[PDB]
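Asker: for now just these chains, pulled out of the complex without moving them:
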Amino acid sequence: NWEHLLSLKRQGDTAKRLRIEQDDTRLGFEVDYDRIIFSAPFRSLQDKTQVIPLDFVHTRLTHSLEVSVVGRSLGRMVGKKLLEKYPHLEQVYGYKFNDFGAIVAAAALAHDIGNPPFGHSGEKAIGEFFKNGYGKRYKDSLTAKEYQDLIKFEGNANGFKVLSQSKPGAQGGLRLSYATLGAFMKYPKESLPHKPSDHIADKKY
């Protein structure tokens, strides 16, 4: 049901947060974009590698900016065509095609926020540290699942942790909408079992 995928509640809330009881000046999905823009992990992306480490060649921020635009264009078309297909969404709840575009843009913007430096080699180095390095000393003290993470460090999990990191005085981190978090997650599964099928959503965790 599409009425449930477009959730507006955030962590620590207790009310319903209905769509028809909100001001159109600043939508909840637009607040997510504003919060991500002003964040420090997002600002640190200007110094990270796309392809060529360390000019007119793209970095991790421009890449995100470009994706934030293309995905917004895709999501706005998709939302327009759904509303065309489903009329009850714009008659009872009060949804518009800008909502999908905003959600996809917010998800697109922070989709590469937790990647380690030096691009593709950083995650491999982190994984190999706990396999053919000193980190193998910690193998006996950890369970199978925890050791799996560490030896298979991922950028998506790190990005989710950065987005939802709780700190004293700031519960929930950036406190983004649940729809944005759902759209951001590409592999909704744990680290084990390792590649149980040929599906697109179980290659990694």
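Answerer: Arrived safely. Numbering: from 1, shown residues only, chains lettered A, B, ... in the order given.

Asker: list the contacts for the most centrally placed residue in chain A?
Answerer: Centroid-nearest residue in chain A: residue A:184, 3.2 Å away (criterion: CA atoms, centre = their mean). Residue A:184 is in contact with A:107, A:110, A:111, A:159, A:160, A:163, counting by CB atoms under 8 Å, 6 or more residues apart in numbering. Any C-beta I mention is one placed from the backbone N, CA and C, and that applies to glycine too.

Asker: the same query, at a cut-off of 6 Å, please.
Answerer: Listed by CB atoms under 6 Å, 6 or more residues apart in numbering, the contact set of residue A:184 reads residue A:107.

Asker: only alpha carbons, please: show stretch A:120-136 as CSV.
Answerer: Once non-C-alpha atoms are left out, stretch A:120-136 reads as follows in CSV (Å, rounded to 0.1, in the frame of the first residue of the first chain):
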residue,chain,number,x,y,z
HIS,A,120,37.1,1.5,-3.7
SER,A,121,40.5,0.6,-2.1
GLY,A,122,39.5,1.9,1.4
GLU,A,123,36.8,-0.6,2.1
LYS,A,124,39.0,-3.5,0.8
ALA,A,125,41.8,-2.3,3.1
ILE,A,126,39.5,-2.1,6.1
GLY,A,127,38.2,-5.6,5.3
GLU,A,128,41.7,-7.1,4.8
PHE,A,129,43.0,-5.5,8.1
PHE,A,130,40.8,-7.9,10.1
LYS,A,131,41.6,-10.9,7.9
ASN,A,132,45.4,-10.8,7.0
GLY,A,133,46.4,-8.2,9.6
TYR,A,134,46.5,-7.6,13.3
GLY,A,135,42.7,-7.5,13.5
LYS,A,136,42.6,-11.3,13.2
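
Asker: list the buried residues for it?
Answerer: For stretch A:120-136, a neighbour-count test (16 or more other CB atoms under 10 Å) marks A:122, A:123, A:126, A:127, A:130, A:135 as buried.

Asker: and chain B, same structure:
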Amino acid sequence: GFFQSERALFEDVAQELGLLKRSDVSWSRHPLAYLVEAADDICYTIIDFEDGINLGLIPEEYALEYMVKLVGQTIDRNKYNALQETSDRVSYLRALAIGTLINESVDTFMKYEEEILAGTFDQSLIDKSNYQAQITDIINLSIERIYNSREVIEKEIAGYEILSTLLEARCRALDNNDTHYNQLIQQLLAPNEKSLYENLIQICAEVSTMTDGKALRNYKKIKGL
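Answerer: Once chain B is put in with the chains from before, the structure reads:
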């Protein structure tokens, strides 16, 4: 003089040339090898001496004192004294010593032609020459003050470390060609099926191919410096 992987080629060369068998395979020296050895010996002994003299590590007093009998009956004192810079005088002495050593080496080689061709000659041509005390003194002075300088020792230690890390990296890359880092090293160092002994000798040859500057740059940029 040769590895195990080139035994057949040198055996064919020896069989064709006609070198006398001595024993494990071993043959006798070519007389032209004696000539090459003598020529090479005279060059480094004299050129290293003069290079040490101009760089600031040896005084011209040793240049004149140690080179007196070599340049004795070949020098013109008026021309020698007419020169002003030390470089011309050193070149002048170097020029005269090389000529006299060449002539003496030719005479020594022609003295022992039958023994050399028969393979019974057990020494070189320089060591069987009249002028040996001066050569020994020059070599000892070069060992004392040229080969033991601080810069030479520092550069030798640096090369010592650089070759050590390069060899260990190549061996680690060769051992298990499974990890991504090993593949990266293989793509960088050796981007161009054999047994273990050939694999190691090829690694050694590849390391020996690099120059000083290339090896230094590779060592700095493998460390991110």
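
Asker: check the buried residues of stretch A:120-136 one more time with chain B there.
Answerer: By neighbour count with 16 or more other CB atoms under 10 Å in any protein chain shown, stretch A:120-136 contains the buried residues A:122, A:123, A:124, A:125, A:126, A:127, A:128, A:130, A:135.

Asker: pretty sure the second one contacts residue A:153?
Answerer: The reference is to residue A:123. Yes. Here residue A:123 reaches residue A:153: they are 5.4 Å apart, a contact under CB atoms under 6 Å.

Asker: mind listing what residue A:167 touches?
Answerer: Counting by CB atoms under 6 Å, 6 or more residues apart in numbering or on different chains, residue A:167 touches no other residue.

Asker: that one pairs with what?
Answerer: residue A:170 (DSSP bridges).

Asker: so how far is residue A:173 from it?
Answerer: As defined by CB to CB, to the nearest Å, residue A:167 lies at a distance of 8 Å from residue A:173.

Asker: in chain A, what residue lies closest to chain B?
Answerer: As assessed by CB to the nearest CB, chain B sits closest to residue A:124 within chain A, at 5.1 Å.

Asker: please enumerate the helices of chain B.
Answerer: Using DSSP state H, the helices found in chain B span residues B:7-17, B:31-54, B:60-66, B:77-82, B:86-111, B:113-118, B:133-145, B:150-175, B:180-189, B:196-209, B:212-222.

Asker: picking up where we left off before, which non-adjacent residue is nearest the residue of chain A closest to chain B?
Answerer: In space, residue A:124 comes closest to residue B:180 once its chain neighbours are excluded; the distance is 5.1 Å by CB to CB, 6 or more residues apart in numbering or on different chains.

Asker: what's around the one you found, how many residues?
Answerer: 13 (other CB atoms under 10 Å in any protein chain shown).

Asker: do the same with residue A:24
Answerer: 9.

Asker: what about it, which helix or strand?
Answerer: Using DSSP states H and E, residue A:24 sits in no helix or strand.

Asker: tell me the residues of chain A that contact chain B?
Answerer: residue A:124 (CB under 6 Å from any CB of the partner chain).
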